[PDB]
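Everything below concerns the one structure shown next.
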Amino acid sequence: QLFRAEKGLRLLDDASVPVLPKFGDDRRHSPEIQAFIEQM
Amino acid sequence: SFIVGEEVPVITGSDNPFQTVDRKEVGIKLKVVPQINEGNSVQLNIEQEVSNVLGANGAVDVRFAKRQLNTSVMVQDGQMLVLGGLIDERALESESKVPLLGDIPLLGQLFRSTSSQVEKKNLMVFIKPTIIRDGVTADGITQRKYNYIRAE
Amino acid sequence: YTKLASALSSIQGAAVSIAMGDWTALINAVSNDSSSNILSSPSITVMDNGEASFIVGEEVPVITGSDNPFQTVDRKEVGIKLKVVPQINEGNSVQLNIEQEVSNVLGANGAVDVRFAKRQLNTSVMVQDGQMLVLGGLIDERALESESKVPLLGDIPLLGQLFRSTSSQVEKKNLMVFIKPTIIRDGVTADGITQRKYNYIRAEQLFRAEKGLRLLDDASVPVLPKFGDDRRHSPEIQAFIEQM
Amino acid sequence: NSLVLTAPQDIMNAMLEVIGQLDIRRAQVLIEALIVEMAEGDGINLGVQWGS
Amino acid sequence: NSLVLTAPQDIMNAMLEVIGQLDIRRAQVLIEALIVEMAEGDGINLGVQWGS
Amino acid sequence: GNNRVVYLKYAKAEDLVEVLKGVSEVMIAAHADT
Amino acid sequence: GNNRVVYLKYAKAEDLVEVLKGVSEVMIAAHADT
């Protein structure tokens, strides 16, 4: 999945590719939502 | 038992001389049996469902979109517990091109056809009990809901 | 134009005709590429020694003994399905009886009725309190080659491509299923898990409310209240009730 | 909604105690469910075709 | 949700001990499944035909 | 101690009732919820 | 030692119950899960 995310979507965002979290880490927000919640 | 929805006939053994039609329920449905301990905890047996009617695309009869949770849990007096949910992600890519002409650094777009798709879905269900033991608590809850509706 | 329309209906890629005097050369060439990536995560909360069922999907009628005087129709379930019975030992291990399924509807190509694409795992395992175990999976690889040529003319070092037809195909598939239990014994653990999931959903909703509706009010987006706060009126109704 | 009981004194007293213990008020529960659904989707198509 | 029990003292005490041992709280389990699917495909076709 | 209640870790009580009926012969009962 | 529990390596207990019923005649039971 990480290799597929390196060569992202042809005509879309490269961060929309589903990638599993690190082993035993659980889900995290996308960078845009993370920045939005950090600003708030 | 709680239902807000529709009653729909379906075929169970289908002009026609005898169709064997049965009427089913779709909508928002909640069946619950509570059991309060001697203190401040409630054990719940729950059947929860959200379902609607979709037209048949190649089936003999209409289809139902269905989301159902059947379980039994323990919750505190006025706290919330998560019953279940679903996280779905999907990415699709497709390309058709002329073998050698479609890789030219600039003029190759004239010999290509590309499609990309991304879909995300998030579903979650929560439940919350509240114990009413006296008339004042019930009066407070009823007054809250009544005043909300009346203010609208 | 009927025959020409039928001839060009199935063509994908380049099919180019060159006339050179009572002789036509048709060149066909195409390259295809496809990728797919799917992640799914169903979850359910149960009590010890209790059964739990989870379905997100569809209810489809099928023929079981098919105008028609009597069809003998039965309605079946397709979708993402999870049936689980847990058993906690006295400590920190859970024995699980699991039926897991992902299934959808495919149209019949030569069958009497519709078909179901189906992936199902039925088993029983032991997992630790908060660890992950692999239940099953599939690795599939496939390569296909095909060639048709004129016997001796198709082996000329350079001019032989004019007397050949070649097809090649490669397909790869990877499927995997994992499961993970978590024991809730007190109210604080359940509160933490519920708060995590609730705050995730609410953060997504608040972000969507920042970039409101394209041509409507930005406050009409549904946003969950704060954890343990219950419903409140919209600002217009709040101002109206404050004035009154 | 009445019970008619006939029995000697001791059985009568025991039965009355049992009835008094089982004839009590039950509490009530208000149960609220919350269903949240969110969906997002994005797609792009781009191509060039040549014909004669 | 009540039990009505009638018995002599010794059987009564034994039954009360058994009830007290069986009337306890059960823990809960949150169960999460994870389904991963990946597919890839590639093909090429090339040919020349002659006609008259 | 004429009566005991045993909490099982790995087995199922309904399974063990049939096995222990012969050995006991004495009453054996299973509570499935616990 | 009036009771024993024997863990089988290669055979199936349900199979051996029928065979040993005659030889024992005494109670023989099989636990399939273990």
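Every chain in the structure tokens has a letter given in the order shown (A, B, ...), and although residue numbers restart at 1 in each chain, ligands are simply numbered from 1 in the order shown.
Excluding segment 84-90 of chain B itself and same-chain residues fewer than 6 positions from it, the residues having an atom within 6 Å of it are residues 118, 119, 120, 121, 122, 123, 124 and 125 of chain B; 37, 38, 39, 40, 41, 42, 43 and 44 of chain C, counting only C-alpha atoms.
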Item checked: Picked from segment 26-126 of chain B by DSSP as strand (DSSP E), as JSON, numbers by chain -> {"B": [26, 27, 28, 29, 30, 31, 32, 33, 34, 35, 36, 41, 42, 43, 44, 45, 46, 47, 48, 49, 50, 51, 52, 53, 54, 63, 64, 65, 66, 67, 68, 69, 70, 71, 72, 73, 74, 75, 76, 81, 82, 83, 84, 85, 86, 87, 88, 89, 90, 91, 92, 93, 94, 95, 96, 97, 112, 113, 114, 115, 116, 117, 118, 119, 120, 121, 122, 123, 124, 125, 126]}
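For residue 8 of chain F, the set of protein, DNA and RNA residues having any atom at most 12 Å away, when counting only C-alpha atoms and skipping those fewer than 6 positions along the same chain, is residues 49, 87, 88, 89, 90 and 91 of chain C; 14, 15, 16, 30, 31, 32, 33 and 34 of chain F.
The gap separating atom CA of residue 59 of chain C from atom CA of residue 60 of chain B is 12.2 Å, in Å to one decimal.
Running DSSP on the backbone and keeping only alpha helix (DSSP H), the residues of chain E that qualify are residues 9, 10, 11, 12, 13, 14, 15, 16, 17, 18, 19, 20, 21 and 22 of chain E.
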Contacts of segment 34-47 of chain B at 12 Å (only C-alpha atoms; same-chain gap of 6+ positions) as a PDB file with N, CA, C and O atoms, in the first residue's frame:
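Once written, selection13.pdb looks like this:
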ATOM      1  N   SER B   1     -41.109  -1.753  21.195  1.00  0.00           N
ATOM      2  CA  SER B   1     -40.931  -1.757  19.751  1.00  0.00           C
ATOM      3  C   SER B   1     -41.196  -0.366  19.200  1.00  0.00           C
ATOM      4  O   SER B   1     -42.129   0.316  19.632  1.00  0.00           O
ATOM      5  N   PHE B   2     -40.373   0.046  18.242  1.00  0.00           N
ATOM      6  CA  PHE B   2     -40.471   1.360  17.624  1.00  0.00           C
ATOM      7  C   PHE B   2     -40.198   1.200  16.138  1.00  0.00           C
ATOM      8  O   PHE B   2     -39.178   0.619  15.762  1.00  0.00           O
ATOM      9  N   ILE B   3     -41.099   1.698  15.297  1.00  0.00           N
ATOM     10  CA  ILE B   3     -40.873   1.700  13.854  1.00  0.00           C
ATOM     11  C   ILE B   3     -41.357   3.018  13.271  1.00  0.00           C
ATOM     12  O   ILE B   3     -42.455   3.483  13.593  1.00  0.00           O
ATOM     13  N   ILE B  28     -36.850   2.793  10.119  1.00  0.00           N
ATOM     14  CA  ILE B  28     -36.029   2.834  11.319  1.00  0.00           C
ATOM     15  C   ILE B  28     -36.752   2.031  12.388  1.00  0.00           C
ATOM     16  O   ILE B  28     -37.886   2.361  12.761  1.00  0.00           O
ATOM     17  N   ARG B  67     -29.351  -2.292   7.129  1.00  0.00           N
ATOM     18  CA  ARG B  67     -28.263  -2.192   8.101  1.00  0.00           C
ATOM     19  C   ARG B  67     -28.829  -2.592   9.454  1.00  0.00           C
ATOM     20  O   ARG B  67     -29.722  -1.916   9.972  1.00  0.00           O
ATOM     21  N   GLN B  68     -28.316  -3.677  10.033  1.00  0.00           N
ATOM     22  CA  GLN B  68     -28.901  -4.266  11.230  1.00  0.00           C
ATOM     23  C   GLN B  68     -27.830  -4.626  12.253  1.00  0.00           C
ATOM     24  O   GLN B  68     -26.786  -5.177  11.904  1.00  0.00           O
ATOM     25  N   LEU B  69     -28.110  -4.315  13.519  1.00  0.00           N
ATOM     26  CA  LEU B  69     -27.274  -4.701  14.653  1.00  0.00           C
ATOM     27  C   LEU B  69     -28.138  -5.427  15.676  1.00  0.00           C
ATOM     28  O   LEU B  69     -29.141  -4.878  16.141  1.00  0.00           O
ATOM     29  N   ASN B  70     -27.746  -6.645  16.039  1.00  0.00           N
ATOM     30  CA  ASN B  70     -28.413  -7.426  17.075  1.00  0.00           C
ATOM     31  C   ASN B  70     -27.390  -7.772  18.144  1.00  0.00           C
ATOM     32  O   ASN B  70     -26.382  -8.419  17.844  1.00  0.00           O
ATOM     33  N   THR B  71     -27.646  -7.366  19.387  1.00  0.00           N
ATOM     34  CA  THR B  71     -26.651  -7.587  20.434  1.00  0.00           C
ATOM     35  C   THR B  71     -27.284  -7.408  21.813  1.00  0.00           C
ATOM     36  O   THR B  71     -28.484  -7.158  21.949  1.00  0.00           O
ATOM     37  N   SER B  72     -26.449  -7.565  22.840  1.00  0.00           N
ATOM     38  CA  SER B  72     -26.810  -7.312  24.229  1.00  0.00           C
ATOM     39  C   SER B  72     -25.604  -6.715  24.942  1.00  0.00           C
ATOM     40  O   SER B  72     -24.496  -7.243  24.829  1.00  0.00           O
ATOM     41  N   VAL B  73     -25.820  -5.619  25.670  1.00  0.00           N
ATOM     42  CA  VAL B  73     -24.735  -4.846  26.270  1.00  0.00           C
ATOM     43  C   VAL B  73     -25.124  -4.409  27.678  1.00  0.00           C
ATOM     44  O   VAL B  73     -26.242  -4.627  28.137  1.00  0.00           O
ATOM     45  N   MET B  74     -24.160  -3.790  28.364  1.00  0.00           N
ATOM     46  CA  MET B  74     -24.364  -3.167  29.667  1.00  0.00           C
ATOM     47  C   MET B  74     -23.921  -1.715  29.577  1.00  0.00           C
ATOM     48  O   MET B  74     -22.814  -1.435  29.111  1.00  0.00           O
ATOM     49  N   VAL B  75     -24.777  -0.796  30.020  1.00  0.00           N
ATOM     50  CA  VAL B  75     -24.459   0.627  30.007  1.00  0.00           C
ATOM     51  C   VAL B  75     -24.749   1.207  31.384  1.00  0.00           C
ATOM     52  O   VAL B  75     -25.531   0.655  32.160  1.00  0.00           O
ATOM     53  N   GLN B  76     -24.096   2.321  31.694  1.00  0.00           N
ATOM     54  CA  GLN B  76     -24.354   3.024  32.937  1.00  0.00           C
ATOM     55  C   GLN B  76     -25.624   3.864  32.817  1.00  0.00           C
ATOM     56  O   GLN B  76     -26.276   3.908  31.772  1.00  0.00           O
ATOM     57  N   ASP B  77     -25.972   4.538  33.916  1.00  0.00           N
ATOM     58  CA  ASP B  77     -27.280   5.177  34.027  1.00  0.00           C
ATOM     59  C   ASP B  77     -27.492   6.241  32.960  1.00  0.00           C
ATOM     60  O   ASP B  77     -28.525   6.258  32.282  1.00  0.00           O
ATOM     61  N   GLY B  78     -26.533   7.147  32.801  1.00  0.00           N
ATOM     62  CA  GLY B  78     -26.712   8.226  31.852  1.00  0.00           C
ATOM     63  C   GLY B  78     -25.540   8.414  30.915  1.00  0.00           C
ATOM     64  O   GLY B  78     -25.261   9.531  30.475  1.00  0.00           O
ATOM     65  N   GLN B  79     -24.848   7.326  30.602  1.00  0.00           N
ATOM     66  CA  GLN B  79     -23.664   7.362  29.764  1.00  0.00           C
ATOM     67  C   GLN B  79     -23.962   6.768  28.396  1.00  0.00           C
ATOM     68  O   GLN B  79     -24.993   6.128  28.183  1.00  0.00           O
ATOM     69  N   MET B  80     -23.045   6.997  27.468  1.00  0.00           N
ATOM     70  CA  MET B  80     -23.188   6.539  26.096  1.00  0.00           C
ATOM     71  C   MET B  80     -22.198   5.421  25.801  1.00  0.00           C
ATOM     72  O   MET B  80     -21.052   5.454  26.260  1.00  0.00           O
ATOM     73  N   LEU B  81     -22.648   4.436  25.035  1.00  0.00           N
ATOM     74  CA  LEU B  81     -21.824   3.317  24.610  1.00  0.00           C
ATOM     75  C   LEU B  81     -21.947   3.152  23.104  1.00  0.00           C
ATOM     76  O   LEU B  81     -23.023   3.358  22.539  1.00  0.00           O
ATOM     77  N   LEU B  83     -22.160   0.854  19.877  1.00  0.00           N
ATOM     78  CA  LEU B  83     -22.628  -0.496  19.582  1.00  0.00           C
ATOM     79  C   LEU B  83     -21.922  -1.114  18.384  1.00  0.00           C
ATOM     80  O   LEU B  83     -21.655  -2.319  18.382  1.00  0.00           O
ATOM     81  N   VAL B 125     -23.107   3.650  15.331  1.00  0.00           N
ATOM     82  CA  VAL B 125     -24.330   3.546  16.119  1.00  0.00           C
ATOM     83  C   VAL B 125     -23.980   3.644  17.599  1.00  0.00           C
ATOM     84  O   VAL B 125     -23.097   2.928  18.082  1.00  0.00           O
ATOM     85  N   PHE B 126     -24.668   4.532  18.313  1.00  0.00           N
ATOM     86  CA  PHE B 126     -24.524   4.709  19.751  1.00  0.00           C
ATOM     87  C   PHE B 126     -25.870   4.490  20.429  1.00  0.00           C
ATOM     88  O   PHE B 126     -26.927   4.658  19.818  1.00  0.00           O
ATOM     89  N   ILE B 127     -25.830   4.132  21.711  1.00  0.00           N
ATOM     90  CA  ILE B 127     -27.041   3.966  22.505  1.00  0.00           C
ATOM     91  C   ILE B 127     -26.834   4.610  23.870  1.00  0.00           C
ATOM     92  O   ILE B 127     -25.706   4.748  24.351  1.00  0.00           O
ATOM     93  N   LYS B 128     -27.937   5.024  24.487  1.00  0.00           N
ATOM     94  CA  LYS B 128     -27.877   5.695  25.777  1.00  0.00           C
ATOM     95  C   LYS B 128     -29.155   5.467  26.578  1.00  0.00           C
ATOM     96  O   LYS B 128     -30.251   5.807  26.115  1.00  0.00           O
ATOM     97  N   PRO B 129     -29.055   4.886  27.768  1.00  0.00           N
ATOM     98  CA  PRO B 129     -30.216   4.753  28.647  1.00  0.00           C
ATOM     99  C   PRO B 129     -30.300   5.901  29.648  1.00  0.00           C
ATOM    100  O   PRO B 129     -29.372   6.694  29.809  1.00  0.00           O
ATOM    101  N   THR B 130     -31.457   5.990  30.297  1.00  0.00           N
ATOM    102  CA  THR B 130     -31.664   6.943  31.387  1.00  0.00           C
ATOM    103  C   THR B 130     -32.758   6.391  32.286  1.00  0.00           C
ATOM    104  O   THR B 130     -33.860   6.106  31.809  1.00  0.00           O
ATOM    105  N   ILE B 131     -32.464   6.242  33.572  1.00  0.00           N
ATOM    106  CA  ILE B 131     -33.398   5.645  34.520  1.00  0.00           C
ATOM    107  C   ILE B 131     -34.303   6.728  35.092  1.00  0.00           C
ATOM    108  O   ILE B 131     -33.826   7.747  35.604  1.00  0.00           O
ATOM    109  N   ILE B 132     -35.610   6.505  35.001  1.00  0.00           N
ATOM    110  CA  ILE B 132     -36.621   7.347  35.629  1.00  0.00           C
ATOM    111  C   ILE B 132     -37.222   6.557  36.782  1.00  0.00           C
ATOM    112  O   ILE B 132     -37.822   5.496  36.572  1.00  0.00           O
ATOM    113  N   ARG B 133     -37.060   7.074  37.997  1.00  0.00           N
ATOM    114  CA  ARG B 133     -37.579   6.427  39.194  1.00  0.00           C
ATOM    115  C   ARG B 133     -38.708   7.190  39.865  1.00  0.00           C
ATOM    116  O   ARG B 133     -39.551   6.569  40.514  1.00  0.00           O
TER     117      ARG B 133
ATOM    118  N   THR C  45     -20.040  -4.729  19.507  1.00  0.00           N
ATOM    119  CA  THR C  45     -19.843  -4.899  20.942  1.00  0.00           C
ATOM    120  C   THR C  45     -20.841  -5.914  21.479  1.00  0.00           C
ATOM    121  O   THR C  45     -22.036  -5.826  21.186  1.00  0.00           O
ATOM    122  N   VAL C  46     -20.349  -6.885  22.252  1.00  0.00           N
ATOM    123  CA  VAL C  46     -21.171  -7.945  22.819  1.00  0.00           C
ATOM    124  C   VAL C  46     -20.818  -8.126  24.289  1.00  0.00           C
ATOM    125  O   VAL C  46     -19.847  -7.567  24.792  1.00  0.00           O
ATOM    126  N   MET C  47     -21.618  -8.939  24.962  1.00  0.00           N
ATOM    127  CA  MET C  47     -21.312  -9.430  26.294  1.00  0.00           C
ATOM    128  C   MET C  47     -20.661 -10.803  26.204  1.00  0.00           C
ATOM    129  O   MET C  47     -20.749 -11.492  25.185  1.00  0.00           O
ATOM    130  N   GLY C  50     -22.275 -14.264  24.652  1.00  0.00           N
ATOM    131  CA  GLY C  50     -23.436 -13.865  23.879  1.00  0.00           C
ATOM    132  C   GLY C  50     -23.127 -13.820  22.396  1.00  0.00           C
ATOM    133  O   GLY C  50     -21.979 -13.647  21.993  1.00  0.00           O
ATOM    134  N   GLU C  51     -24.168 -13.973  21.583  1.00  0.00           N
ATOM    135  CA  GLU C  51     -24.036 -13.937  20.133  1.00  0.00           C
ATOM    136  C   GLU C  51     -24.336 -12.540  19.605  1.00  0.00           C
ATOM    137  O   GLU C  51     -25.229 -11.855  20.106  1.00  0.00           O
ATOM    138  N   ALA C  52     -23.578 -12.119  18.594  1.00  0.00           N
ATOM    139  CA  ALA C  52     -23.769 -10.822  17.961  1.00  0.00           C
ATOM    140  C   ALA C  52     -23.784 -10.977  16.449  1.00  0.00           C
ATOM    141  O   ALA C  52     -22.987 -11.734  15.884  1.00  0.00           O
ATOM    142  N   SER C  53     -24.691 -10.247  15.806  1.00  0.00           N
ATOM    143  CA  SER C  53     -24.848 -10.251  14.360  1.00  0.00           C
ATOM    144  C   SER C  53     -24.737  -8.831  13.830  1.00  0.00           C
ATOM    145  O   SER C  53     -25.261  -7.890  14.432  1.00  0.00           O
ATOM    146  N   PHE C  54     -24.056  -8.685  12.698  1.00  0.00           N
ATOM    147  CA  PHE C  54     -23.833  -7.393  12.069  1.00  0.00           C
ATOM    148  C   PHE C  54     -23.966  -7.573  10.567  1.00  0.00           C
ATOM    149  O   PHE C  54     -23.315  -8.451   9.995  1.00  0.00           O
ATOM    150  N   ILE C  55     -24.805  -6.763   9.928  1.00  0.00           N
ATOM    151  CA  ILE C  55     -24.915  -6.778   8.472  1.00  0.00           C
ATOM    152  C   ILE C  55     -25.037  -5.351   7.962  1.00  0.00           C
ATOM    153  O   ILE C  55     -25.809  -4.553   8.502  1.00  0.00           O
ATOM    154  N   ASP C 186     -14.939  -2.190  32.964  1.00  0.00           N
ATOM    155  CA  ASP C 186     -15.457  -1.097  33.765  1.00  0.00           C
ATOM    156  C   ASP C 186     -16.003   0.004  32.864  1.00  0.00           C
ATOM    157  O   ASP C 186     -15.892  -0.050  31.638  1.00  0.00           O
ATOM    158  N   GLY C 187     -16.604   1.014  33.498  1.00  0.00           N
ATOM    159  CA  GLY C 187     -17.216   2.093  32.742  1.00  0.00           C
ATOM    160  C   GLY C 187     -16.220   3.055  32.132  1.00  0.00           C
ATOM    161  O   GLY C 187     -16.510   3.683  31.112  1.00  0.00           O
TER     162      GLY C 187
ATOM    163  N   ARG D  26     -42.045  -0.698  39.656  1.00  0.00           N
ATOM    164  CA  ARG D  26     -40.943  -0.834  38.720  1.00  0.00           C
ATOM    165  C   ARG D  26     -40.518   0.536  38.206  1.00  0.00           C
ATOM    166  O   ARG D  26     -41.342   1.432  38.015  1.00  0.00           O
ATOM    167  N   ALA D  27     -39.219   0.690  37.989  1.00  0.00           N
ATOM    168  CA  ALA D  27     -38.669   1.897  37.397  1.00  0.00           C
ATOM    169  C   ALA D  27     -38.824   1.857  35.881  1.00  0.00           C
ATOM    170  O   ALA D  27     -39.207   0.842  35.299  1.00  0.00           O
ATOM    171  N   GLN D  28     -38.534   2.986  35.245  1.00  0.00           N
ATOM    172  CA  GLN D  28     -38.635   3.105  33.800  1.00  0.00           C
ATOM    173  C   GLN D  28     -37.286   3.478  33.204  1.00  0.00           C
ATOM    174  O   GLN D  28     -36.410   4.015  33.882  1.00  0.00           O
ATOM    175  N   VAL D  29     -37.124   3.180  31.921  1.00  0.00           N
ATOM    176  CA  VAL D  29     -35.917   3.519  31.180  1.00  0.00           C
ATOM    177  C   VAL D  29     -36.310   4.251  29.906  1.00  0.00           C
ATOM    178  O   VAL D  29     -37.166   3.777  29.150  1.00  0.00           O
ATOM    179  N   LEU D  30     -35.683   5.398  29.671  1.00  0.00           N
ATOM    180  CA  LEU D  30     -35.718   6.079  28.384  1.00  0.00           C
ATOM    181  C   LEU D  30     -34.466   5.682  27.616  1.00  0.00           C
ATOM    182  O   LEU D  30     -33.351   5.845  28.120  1.00  0.00           O
ATOM    183  N   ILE D  31     -34.644   5.153  26.410  1.00  0.00           N
ATOM    184  CA  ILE D  31     -33.549   4.632  25.602  1.00  0.00           C
ATOM    185  C   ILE D  31     -33.487   5.440  24.316  1.00  0.00           C
ATOM    186  O   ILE D  31     -34.485   5.530  23.587  1.00  0.00           O
ATOM    187  N   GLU D  32     -32.321   6.027  24.042  1.00  0.00           N
ATOM    188  CA  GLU D  32     -32.092   6.829  22.848  1.00  0.00           C
ATOM    189  C   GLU D  32     -30.968   6.216  22.030  1.00  0.00           C
ATOM    190  O   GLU D  32     -29.895   5.925  22.563  1.00  0.00           O
ATOM    191  N   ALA D  33     -31.208   6.031  20.737  1.00  0.00           N
ATOM    192  CA  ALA D  33     -30.187   5.569  19.810  1.00  0.00           C
ATOM    193  C   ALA D  33     -29.739   6.727  18.928  1.00  0.00           C
ATOM    194  O   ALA D  33     -30.477   7.690  18.718  1.00  0.00           O
TER     195      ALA D  33
ATOM    196  N   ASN E   1     -38.262  -9.763  38.044  1.00  0.00           N
ATOM    197  CA  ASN E   1     -37.035 -10.555  37.990  1.00  0.00           C
ATOM    198  C   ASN E   1     -36.646 -11.062  39.377  1.00  0.00           C
ATOM    199  O   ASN E   1     -35.566 -10.779  39.897  1.00  0.00           O
ATOM    200  N   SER E   2     -37.550 -11.827  39.977  1.00  0.00           N
ATOM    201  CA  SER E   2     -37.382 -12.285  41.346  1.00  0.00           C
ATOM    202  C   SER E   2     -37.541 -13.794  41.434  1.00  0.00           C
ATOM    203  O   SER E   2     -38.246 -14.410  40.632  1.00  0.00           O
ATOM    204  N   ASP E  23     -24.996 -14.967  40.435  1.00  0.00           N
ATOM    205  CA  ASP E  23     -25.578 -13.662  40.119  1.00  0.00           C
ATOM    206  C   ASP E  23     -24.472 -12.613  40.141  1.00  0.00           C
ATOM    207  O   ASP E  23     -24.322 -11.844  41.089  1.00  0.00           O
ATOM    208  N   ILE E  24     -23.681 -12.586  39.069  1.00  0.00           N
ATOM    209  CA  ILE E  24     -22.542 -11.687  38.973  1.00  0.00           C
ATOM    210  C   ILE E  24     -22.541 -11.005  37.614  1.00  0.00           C
ATOM    211  O   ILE E  24     -23.312 -11.344  36.713  1.00  0.00           O
ATOM    212  N   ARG E  25     -21.648 -10.029  37.480  1.00  0.00           N
ATOM    213  CA  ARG E  25     -21.561  -9.206  36.284  1.00  0.00           C
ATOM    214  C   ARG E  25     -20.706  -9.874  35.217  1.00  0.00           C
ATOM    215  O   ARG E  25     -19.698 -10.518  35.516  1.00  0.00           O
ATOM    216  N   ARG E  26     -21.113  -9.708  33.962  1.00  0.00           N
ATOM    217  CA  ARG E  26     -20.358 -10.173  32.811  1.00  0.00           C
ATOM    218  C   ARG E  26     -19.616  -9.009  32.166  1.00  0.00           C
ATOM    219  O   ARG E  26     -20.105  -7.879  32.128  1.00  0.00           O
ATOM    220  N   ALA E  27     -18.424  -9.299  31.661  1.00  0.00           N
ATOM    221  CA  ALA E  27     -17.640  -8.328  30.918  1.00  0.00           C
ATOM    222  C   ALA E  27     -18.130  -8.249  29.476  1.00  0.00           C
ATOM    223  O   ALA E  27     -18.955  -9.047  29.031  1.00  0.00           O
ATOM    224  N   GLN E  28     -17.619  -7.261  28.751  1.00  0.00           N
ATOM    225  CA  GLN E  28     -17.990  -7.055  27.361  1.00  0.00           C
ATOM    226  C   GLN E  28     -16.761  -7.140  26.466  1.00  0.00           C
ATOM    227  O   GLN E  28     -15.629  -6.963  26.913  1.00  0.00           O
TER     228      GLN E  28
END
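Using only C-alpha atoms, the contacts of residue 47 of chain E at a cut-off of 6 Å, with sequence neighbours closer than 4 positions omitted, comprise residues 27, 28, 164 and 165 of chain C.
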Can you spit out the residues from that selection as a PDB file, in the first residue's frame, using N, CA, C and O atoms?
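Result went into out.pdb, see below:
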ATOM      1  N   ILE C  27      -3.690  -2.423 -38.638  1.00  0.00           N
ATOM      2  CA  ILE C  27      -2.812  -2.505 -37.475  1.00  0.00           C
ATOM      3  C   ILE C  27      -3.655  -2.284 -36.230  1.00  0.00           C
ATOM      4  O   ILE C  27      -4.373  -1.280 -36.132  1.00  0.00           O
ATOM      5  N   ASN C  28      -3.579  -3.218 -35.283  1.00  0.00           N
ATOM      6  CA  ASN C  28      -4.266  -3.097 -34.004  1.00  0.00           C
ATOM      7  C   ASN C  28      -3.242  -3.112 -32.879  1.00  0.00           C
ATOM      8  O   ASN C  28      -2.290  -3.898 -32.900  1.00  0.00           O
ATOM      9  N   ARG C 164       2.164 -11.242 -37.570  1.00  0.00           N
ATOM     10  CA  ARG C 164       2.023 -11.781 -36.228  1.00  0.00           C
ATOM     11  C   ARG C 164       0.844 -11.123 -35.520  1.00  0.00           C
ATOM     12  O   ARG C 164       0.403 -10.030 -35.876  1.00  0.00           O
ATOM     13  N   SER C 165       0.339 -11.816 -34.505  1.00  0.00           N
ATOM     14  CA  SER C 165      -0.667 -11.268 -33.601  1.00  0.00           C
ATOM     15  C   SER C 165      -0.392 -11.828 -32.215  1.00  0.00           C
ATOM     16  O   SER C 165      -0.422 -13.048 -32.024  1.00  0.00           O
TER      17      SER C 165
END
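The environment of segment 171-173 of chain C within 7 Å, counting only C-alpha atoms and disregarding residues fewer than 3 places along the same chain, consists of residues 139, 140, 141, 142 and 143 of chain C; 38, 39, 40, 41 and 42 of chain E.
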Write the residues of the preceding selection, restricted to N, CA, C and O atoms, as a JSON list (two decimals), in the first residue's frame.
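Written out: selection-v2.json:
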[["chain", "number", "residue", "atom", "x", "y", "z"],
["C", 139, "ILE", "N", -3.49, -15.34, -2.00],
["C", 139, "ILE", "CA", -2.55, -14.75, -2.94],
["C", 139, "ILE", "C", -2.75, -15.44, -4.29],
["C", 139, "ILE", "O", -2.62, -16.67, -4.38],
["C", 140, "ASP", "N", -3.07, -14.66, -5.32],
["C", 140, "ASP", "CA", -3.33, -15.20, -6.65],
["C", 140, "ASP", "C", -2.49, -14.46, -7.68],
["C", 140, "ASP", "O", -2.45, -13.23, -7.68],
["C", 141, "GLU", "N", -1.83, -15.21, -8.55],
["C", 141, "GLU", "CA", -1.07, -14.67, -9.67],
["C", 141, "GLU", "C", -1.45, -15.42, -10.93],
["C", 141, "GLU", "O", -1.75, -16.61, -10.89],
["C", 142, "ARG", "N", -1.45, -14.72, -12.06],
["C", 142, "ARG", "CA", -1.88, -15.31, -13.32],
["C", 142, "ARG", "C", -1.19, -14.63, -14.48],
["C", 142, "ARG", "O", -1.18, -13.39, -14.56],
["C", 143, "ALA", "N", -0.61, -15.42, -15.39],
["C", 143, "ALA", "CA", 0.01, -14.91, -16.60],
["C", 143, "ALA", "C", -0.49, -15.70, -17.79],
["C", 143, "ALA", "O", -0.54, -16.93, -17.75],
["E", 38, "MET", "N", -6.53, -6.10, -2.58],
["E", 38, "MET", "CA", -5.72, -5.41, -3.57],
["E", 38, "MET", "C", -5.74, -6.20, -4.86],
["E", 38, "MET", "O", -5.59, -7.42, -4.84],
["E", 39, "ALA", "N", -5.93, -5.51, -5.98],
["E", 39, "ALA", "CA", -5.90, -6.16, -7.28],
["E", 39, "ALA", "C", -5.12, -5.31, -8.27],
["E", 39, "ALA", "O", -5.18, -4.08, -8.23],
["E", 40, "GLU", "N", -4.38, -5.98, -9.15],
["E", 40, "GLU", "CA", -3.60, -5.33, -10.19],
["E", 40, "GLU", "C", -3.74, -6.12, -11.49],
["E", 40, "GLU", "O", -3.83, -7.35, -11.47],
["E", 41, "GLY", "N", -3.75, -5.41, -12.61],
["E", 41, "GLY", "CA", -3.85, -6.06, -13.90],
["E", 41, "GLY", "C", -3.21, -5.29, -15.04],
["E", 41, "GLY", "O", -3.27, -4.05, -15.07],
["E", 42, "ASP", "N", -2.61, -6.00, -15.99],
["E", 42, "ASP", "CA", -1.90, -5.38, -17.11],
["E", 42, "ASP", "C", -2.00, -6.27, -18.34],
["E", 42, "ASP", "O", -1.83, -7.49, -18.24]]
